[PDB]
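**Q** This structure is in structure tokens; I'll ask about it shortly.
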Amino acid sequence: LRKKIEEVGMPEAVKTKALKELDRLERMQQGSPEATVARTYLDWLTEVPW
Amino acid sequence: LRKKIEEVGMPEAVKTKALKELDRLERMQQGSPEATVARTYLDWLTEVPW
Amino acid sequence: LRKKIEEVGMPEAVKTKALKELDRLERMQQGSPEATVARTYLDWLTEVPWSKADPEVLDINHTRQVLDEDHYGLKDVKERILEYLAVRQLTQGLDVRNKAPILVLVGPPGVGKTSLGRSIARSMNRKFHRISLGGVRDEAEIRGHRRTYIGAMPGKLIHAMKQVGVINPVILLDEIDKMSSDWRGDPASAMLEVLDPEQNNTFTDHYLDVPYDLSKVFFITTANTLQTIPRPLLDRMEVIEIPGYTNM
Amino acid sequence: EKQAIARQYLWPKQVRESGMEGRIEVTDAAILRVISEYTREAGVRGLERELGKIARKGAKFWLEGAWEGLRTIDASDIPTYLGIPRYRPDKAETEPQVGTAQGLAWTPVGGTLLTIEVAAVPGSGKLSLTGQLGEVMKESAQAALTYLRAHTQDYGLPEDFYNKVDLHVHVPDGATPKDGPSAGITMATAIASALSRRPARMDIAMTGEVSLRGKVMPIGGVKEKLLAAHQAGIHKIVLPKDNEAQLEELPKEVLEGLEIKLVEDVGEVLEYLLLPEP
Amino acid sequence: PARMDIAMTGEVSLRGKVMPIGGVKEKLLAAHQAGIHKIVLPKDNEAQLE
Amino acid sequence: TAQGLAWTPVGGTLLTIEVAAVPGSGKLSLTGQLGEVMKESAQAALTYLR
Amino acid sequence: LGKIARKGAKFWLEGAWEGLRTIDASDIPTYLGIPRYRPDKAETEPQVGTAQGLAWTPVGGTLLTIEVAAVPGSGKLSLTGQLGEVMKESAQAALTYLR
């Protein structure tokens, strides 16, 4: 997830919140959407072209 | 069920999510939905034909 | 309650689920919700006797005599009943299977529906019951409330079974036109299911887990509105028009 | 086709329902009696229930007394099992009626006979649209009126009725259920019978479309109009001339009762449905 | 003035014809409680007199 | 004034019609939550009368 | 073209009459229905009543034979088709010319 952020050439107005959802980690997916919506929104951030 | 997740032929990520249903349980079987929600969801994705 | 399961005769599925809810016992029985709801399901099941029947009449002539003694036949409603029972003496394949509705009753408010049902239970030589349907808030007087914890309400049908001893009563279904439920989904589904002849043999509730075999039992139904009923309750529901009464 | 559905698959289903196998037997005009009498549906639901009730009365009448194992039910005694005719056995019997134009249409749960009735008063010259009409039946009626005002020497009418006869028109289902104003020669027949004060013939249904030169223009879905006439018991149908083309793709079972009198100018549908024409 | 103790049910047409009625015996249940001794009916529901 | 017979599925009941033929202009007045089919049969009533 | 194509698959796989096939004119109403629209509207024995405008339609143009029924009577002007006034304007204008 970290490399996908740093092989797209993004604005730092993106990479700020990219590193924010890199900060929001270490939680549950099986108990709640807590790292689900985190990782999937973050992968939206990765896979749109900059 | 932990016998059946093998036995219930499934795709790979579905087997994965089924083990995650296994892991979010094993602490609730008296439970108000926290047992029954993952128990009926394990029972559904065992009894859907793959 | 451990002795109770082989104290009371059972079918295999009732026996096995009784053994199951025996097994979830033998701890604290004042809290700890698996134990208390196992005790309730063990009582509501095992105190239903089995392996015995009412006399099932095979005689419309007996039936035509018995029914014509509480009110006096009323020239149309009797012989529709006699038709339904006439195919009951001509069950296909020599097994008593229905493949047919269960004679839901509508009429004016005040005619002898109770007299009809109990009179049938005499004429069919069966044990009458009537359980809670007319104006219910959730499937706990109609159907089951789901277990593994107490707060689950038993079946009033299971109460009629714990009150009866036998395997063929006449379960009255009163005023199903106002049957409501707080449970998402109609109990009319469990109506249209159970009335097909081989669906009661495998039937459960949310209160029932292993198939509580309701197999050998004729059912009957009353209500009092001519227009409004669920659409699945117009298959396997044989509406018989009941009239009011005049001066003679 | 309904009868053959019966004898091949339906009626043995019912006498296997009621356990009476090797006990009851059933004729030609028995099934044809249940068909032309005790249902006017558009499928075969009602026939399976009525054969159910024949099966149950067979259970009782064999039950309390069991003599015969070869019960023949013919077309003379079925009211023992079922009762009164709920319908006309024949719609060849319905006696030329005044304001009645037998419509043909397709109520989309099954073919109908949308009998428009129209009542002609004395009065001031005005059209009333009862039965919850849209504009559509008003303007087709207006077209039929303008055609008729082009031709008042024929129909006995005095030449200036339109100023002195108010019109009251009743339409069951007062909008187009098929979504089509295809009751043109229907309302032409109704209005010409209503204002001519002369009875429109029963037993010949008609369907079409009229326009202001006096033209029976073509319609859509000819098969379903012919099946509605075939279910609901009518025999002669009146269709536009511009449907010779749709007509000959029809599977030749469908065509085997019907007797079509093809028209294109509205004088020719109106020479057939009125016996006292002016 | 109309008449007394004579009641009625029936459908009229815009030609003015009695189109027959359904639930005849039921109407006589609700009506012949009210004791009205002469009730007028459509001609076609002699079919439910019998 | 004319009495109305009906069935009602609450148990049987009755009706009465009350008509005030007021000095007016042909313009039909209906009161008592009178249904549209009563309006149309009123049209047919006055029309049959015409 | 789809209906031609699918019935081509039908008449093929009942049993192949060939290895390569051909369809020319009037080998169509086998493969299709009745021909829905007759050929050019010239064929049609010119009508006593009505000529035929071209017209806009917001999903692209078409023809519109505007039928007119001169009905002997009072002296008025109706307009069926539930027109606006704008046709009554144009009808009265054309009528004025003719007057």
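Chain labels A, B, ... are given in the sequence in which chains occur in the structure tokens; within each chain residues are numbered consecutively from 1, and ligands are likewise numbered from 1 in the order shown.
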After a least-squares superposition of chain B onto chain A, with every Cα atom paired in order, give the RMSD to one decimal place.
**A**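 With chain B fitted onto chain A, the C-alpha RMSD reads 1.5 Å.
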**Q** Can you tell me which residues surround stretch 29-38 of chain E at a distance of at most 8 Å, considering only C-alpha atoms, apart from same-chain residues fewer than 6 positions away, and format the answer as a PyMOL selection string?
**A** (chain C and resi 243-247) or (chain E and resi 5-7) or (chain F and resi 5-7+11-14)
**Q** Can you build me a table of chain E residues sitting at most 6 Å from chain F, with the closest atom pair per residue and its distance in Å to one decimal, using only C-alpha atoms, sorted by chain and residue number, as JSON lines?
**A**
{"residue": "E:14", "atom": "CA", "partner": "F:44", "partner_atom": "CA", "distance": 4.9}
{"residue": "E:16", "atom": "CA", "partner": "F:48", "partner_atom": "CA", "distance": 5.8}
{"residue": "E:27", "atom": "CA", "partner": "F:7", "partner_atom": "CA", "distance": 5.4}
{"residue": "E:30", "atom": "CA", "partner": "F:12", "partner_atom": "CA", "distance": 4.2}
**Q** Using DSSP on the backbone, list every residue of stretch 9-227 of chain C that comes out as strand (DSSP E), and give them as a PyMOL selection string.
**A** chain C and resi 104-106+128-131+170-174+219-222
**Q** Give me a file of those residues, with N, CA and C atoms, as a PDB file, in the first residue's frame.
**A**
ATOM      1  N   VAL C 104     -60.077 -21.878   5.398  1.00  0.00           N
ATOM      2  CA  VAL C 104     -60.099 -20.626   6.146  1.00  0.00           C
ATOM      3  C   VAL C 104     -61.519 -20.082   6.140  1.00  0.00           C
ATOM      4  N   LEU C 105     -61.933 -19.535   7.275  1.00  0.00           N
ATOM      5  CA  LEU C 105     -63.317 -19.195   7.531  1.00  0.00           C
ATOM      6  C   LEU C 105     -63.471 -17.689   7.666  1.00  0.00           C
ATOM      7  N   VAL C 106     -64.425 -17.132   6.920  1.00  0.00           N
ATOM      8  CA  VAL C 106     -64.824 -15.739   7.049  1.00  0.00           C
ATOM      9  C   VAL C 106     -66.344 -15.710   7.105  1.00  0.00           C
ATOM     10  N   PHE C 128     -59.149 -30.053  20.509  1.00  0.00           N
ATOM     11  CA  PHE C 128     -59.190 -28.690  20.007  1.00  0.00           C
ATOM     12  C   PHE C 128     -58.137 -27.837  20.695  1.00  0.00           C
ATOM     13  N   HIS C 129     -57.634 -26.846  19.967  1.00  0.00           N
ATOM     14  CA  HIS C 129     -56.815 -25.780  20.514  1.00  0.00           C
ATOM     15  C   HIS C 129     -57.164 -24.517  19.762  1.00  0.00           C
ATOM     16  N   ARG C 130     -56.810 -23.381  20.337  1.00  0.00           N
ATOM     17  CA  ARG C 130     -56.673 -22.150  19.583  1.00  0.00           C
ATOM     18  C   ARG C 130     -55.567 -21.307  20.197  1.00  0.00           C
ATOM     19  N   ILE C 131     -54.648 -20.836  19.358  1.00  0.00           N
ATOM     20  CA  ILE C 131     -53.487 -20.109  19.854  1.00  0.00           C
ATOM     21  C   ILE C 131     -53.572 -18.674  19.356  1.00  0.00           C
ATOM     22  N   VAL C 170     -56.578 -30.130  16.242  1.00  0.00           N
ATOM     23  CA  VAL C 170     -57.286 -29.217  15.356  1.00  0.00           C
ATOM     24  C   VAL C 170     -56.915 -27.812  15.787  1.00  0.00           C
ATOM     25  N   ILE C 171     -55.892 -27.265  15.163  1.00  0.00           N
ATOM     26  CA  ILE C 171     -55.310 -26.008  15.590  1.00  0.00           C
ATOM     27  C   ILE C 171     -56.105 -24.891  14.951  1.00  0.00           C
ATOM     28  N   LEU C 172     -56.881 -24.173  15.751  1.00  0.00           N
ATOM     29  CA  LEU C 172     -57.640 -23.042  15.240  1.00  0.00           C
ATOM     30  C   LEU C 172     -56.699 -21.874  14.990  1.00  0.00           C
ATOM     31  N   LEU C 173     -56.921 -21.177  13.884  1.00  0.00           N
ATOM     32  CA  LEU C 173     -56.142 -20.005  13.511  1.00  0.00           C
ATOM     33  C   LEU C 173     -57.112 -18.827  13.401  1.00  0.00           C
ATOM     34  N   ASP C 174     -57.209 -18.028  14.459  1.00  0.00           N
ATOM     35  CA  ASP C 174     -58.276 -17.038  14.545  1.00  0.00           C
ATOM     36  C   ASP C 174     -57.831 -15.648  14.116  1.00  0.00           C
ATOM     37  N   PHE C 219     -55.048 -28.505  10.024  1.00  0.00           N
ATOM     38  CA  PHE C 219     -55.154 -27.161  10.580  1.00  0.00           C
ATOM     39  C   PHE C 219     -56.429 -26.514  10.071  1.00  0.00           C
ATOM     40  N   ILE C 220     -56.876 -25.459  10.749  1.00  0.00           N
ATOM     41  CA  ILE C 220     -58.107 -24.754  10.404  1.00  0.00           C
ATOM     42  C   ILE C 220     -57.892 -23.285  10.750  1.00  0.00           C
ATOM     43  N   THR C 221     -58.642 -22.389  10.105  1.00  0.00           N
ATOM     44  CA  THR C 221     -58.409 -20.953  10.202  1.00  0.00           C
ATOM     45  C   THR C 221     -59.716 -20.170  10.135  1.00  0.00           C
ATOM     46  N   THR C 222     -59.830 -19.135  10.968  1.00  0.00           N
ATOM     47  CA  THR C 222     -60.947 -18.207  10.877  1.00  0.00           C
ATOM     48  C   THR C 222     -60.423 -16.785  10.743  1.00  0.00           C
TER      49      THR C 222
END
**Q** Which neighbours of stretch 21-37 of chain A fall inside 8 Å, counting only C-alpha atoms, when residues of the same chain fewer than 3 positions from it are skipped, and could you give them as a PyMOL selection string?
**A** (chain A and resi 2+17-18+40-42) or (chain B and resi 20-21+23-24)
**Q** Can you tell me, as a list in words, which residues in stretch 3-47 of chain B count as alpha helix (DSSP H) by DSSP?
**A** residues 3, 4, 5, 6, 7, 12, 13, 14, 15, 16, 17, 18, 19, 20, 21, 22, 23, 24, 36, 37, 38, 39, 40, 41, 42, 43, 44, 45 and 46 of chain B
**Q** I need the residues from that last selection saved to file as a short mmCIF file (atom, residue, chain, number, x, y, z; two decimals), in the first residue's frame (with N, CA, C and O atoms), if you can.
**A**
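File written: selection-v3.cif
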data_model
loop_
_atom_site.label_atom_id
_atom_site.label_comp_id
_atom_site.auth_asym_id
_atom_site.auth_seq_id
_atom_site.Cartn_x
_atom_site.Cartn_y
_atom_site.Cartn_z
N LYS B 3 -14.56 -27.44 9.88
CA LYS B 3 -14.47 -28.57 8.96
C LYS B 3 -15.01 -28.19 7.59
O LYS B 3 -14.38 -28.47 6.57
N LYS B 4 -16.16 -27.50 7.55
CA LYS B 4 -16.88 -27.28 6.31
C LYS B 4 -16.26 -26.24 5.41
O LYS B 4 -16.47 -26.32 4.20
N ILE B 5 -15.54 -25.25 5.95
CA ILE B 5 -14.95 -24.19 5.13
C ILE B 5 -14.01 -24.78 4.09
O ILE B 5 -14.04 -24.40 2.92
N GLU B 6 -13.23 -25.79 4.48
CA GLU B 6 -12.63 -26.70 3.52
C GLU B 6 -13.66 -27.39 2.64
O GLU B 6 -13.59 -27.24 1.41
N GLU B 7 -14.60 -28.13 3.24
CA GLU B 7 -15.57 -28.97 2.55
C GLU B 7 -16.46 -28.21 1.60
O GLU B 7 -16.68 -28.66 0.48
N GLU B 12 -11.17 -18.26 -3.48
CA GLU B 12 -10.07 -18.06 -2.55
C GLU B 12 -10.36 -16.97 -1.53
O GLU B 12 -10.22 -17.18 -0.32
N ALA B 13 -10.75 -15.78 -2.01
CA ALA B 13 -11.07 -14.68 -1.11
C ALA B 13 -12.29 -14.99 -0.27
O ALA B 13 -12.43 -14.49 0.85
N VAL B 14 -13.17 -15.85 -0.79
CA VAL B 14 -14.35 -16.26 -0.05
C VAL B 14 -13.96 -17.18 1.09
O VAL B 14 -14.48 -17.05 2.21
N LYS B 15 -13.05 -18.13 0.82
CA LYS B 15 -12.46 -18.95 1.89
C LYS B 15 -11.77 -18.08 2.94
O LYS B 15 -11.84 -18.36 4.14
N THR B 16 -11.10 -17.02 2.48
CA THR B 16 -10.41 -16.10 3.37
C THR B 16 -11.39 -15.39 4.28
O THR B 16 -11.21 -15.34 5.50
N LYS B 17 -12.45 -14.83 3.69
CA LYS B 17 -13.45 -14.13 4.46
C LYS B 17 -14.17 -15.08 5.41
O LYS B 17 -14.55 -14.69 6.51
N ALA B 18 -14.32 -16.34 5.00
CA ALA B 18 -14.92 -17.34 5.88
C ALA B 18 -14.05 -17.62 7.09
O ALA B 18 -14.56 -17.75 8.21
N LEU B 19 -12.73 -17.69 6.90
CA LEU B 19 -11.85 -17.83 8.06
C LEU B 19 -11.87 -16.57 8.91
O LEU B 19 -11.66 -16.62 10.12
N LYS B 20 -12.14 -15.42 8.29
CA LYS B 20 -12.26 -14.21 9.09
C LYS B 20 -13.55 -14.20 9.89
O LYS B 20 -13.59 -13.66 11.00
N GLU B 21 -14.61 -14.79 9.34
CA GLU B 21 -15.81 -15.03 10.14
C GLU B 21 -15.50 -15.99 11.28
O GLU B 21 -16.04 -15.86 12.38
N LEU B 22 -14.61 -16.96 11.02
CA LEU B 22 -14.18 -17.89 12.06
C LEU B 22 -13.41 -17.16 13.15
O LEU B 22 -13.53 -17.47 14.34
N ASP B 23 -12.61 -16.18 12.76
CA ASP B 23 -11.76 -15.51 13.73
C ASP B 23 -12.51 -14.44 14.51
O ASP B 23 -12.17 -14.19 15.67
N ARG B 24 -13.50 -13.79 13.90
CA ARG B 24 -14.29 -12.85 14.67
C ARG B 24 -15.23 -13.55 15.63
O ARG B 24 -15.65 -12.95 16.62
N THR B 36 -25.02 -14.68 16.63
CA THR B 36 -25.91 -15.18 15.59
C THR B 36 -25.65 -14.52 14.26
O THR B 36 -25.92 -15.13 13.22
N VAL B 37 -25.10 -13.31 14.25
CA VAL B 37 -24.89 -12.65 12.97
C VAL B 37 -23.75 -13.34 12.22
O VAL B 37 -23.90 -13.70 11.04
N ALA B 38 -22.68 -13.70 12.92
CA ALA B 38 -21.60 -14.37 12.22
C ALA B 38 -21.91 -15.84 12.06
O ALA B 38 -21.42 -16.49 11.13
N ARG B 39 -22.79 -16.38 12.90
CA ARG B 39 -23.18 -17.78 12.75
C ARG B 39 -24.08 -17.99 11.54
O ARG B 39 -23.85 -18.90 10.74
N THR B 40 -25.09 -17.13 11.35
CA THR B 40 -25.92 -17.27 10.16
C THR B 40 -25.17 -16.85 8.90
O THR B 40 -25.48 -17.33 7.81
N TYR B 41 -24.16 -15.99 9.03
CA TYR B 41 -23.42 -15.61 7.83
C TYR B 41 -22.46 -16.71 7.42
O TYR B 41 -22.29 -16.99 6.22
N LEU B 42 -21.86 -17.40 8.40
CA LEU B 42 -21.12 -18.62 8.11
C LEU B 42 -22.03 -19.69 7.52
O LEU B 42 -21.64 -20.39 6.58
N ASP B 43 -23.27 -19.78 8.00
CA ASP B 43 -24.16 -20.81 7.48
C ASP B 43 -24.64 -20.48 6.07
O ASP B 43 -24.77 -21.39 5.24
N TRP B 44 -24.86 -19.20 5.76
CA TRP B 44 -25.17 -18.82 4.38
C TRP B 44 -24.05 -19.18 3.42
O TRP B 44 -24.26 -19.92 2.46
N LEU B 45 -22.85 -18.70 3.68
CA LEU B 45 -21.80 -18.89 2.69
C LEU B 45 -21.21 -20.29 2.75
O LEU B 45 -20.30 -20.62 1.98
N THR B 46 -21.69 -21.12 3.67
CA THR B 46 -21.54 -22.54 3.43
C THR B 46 -22.65 -23.06 2.53
O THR B 46 -22.38 -23.83 1.60
#
**Q** Quick one: distance from atom CA of residue C:96 to atom CA of residue D:22 in Å, one decimal?
**A**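 Value for the atom CA of residue C:96-atom CA of residue D:22 distance: 19.4 Å.
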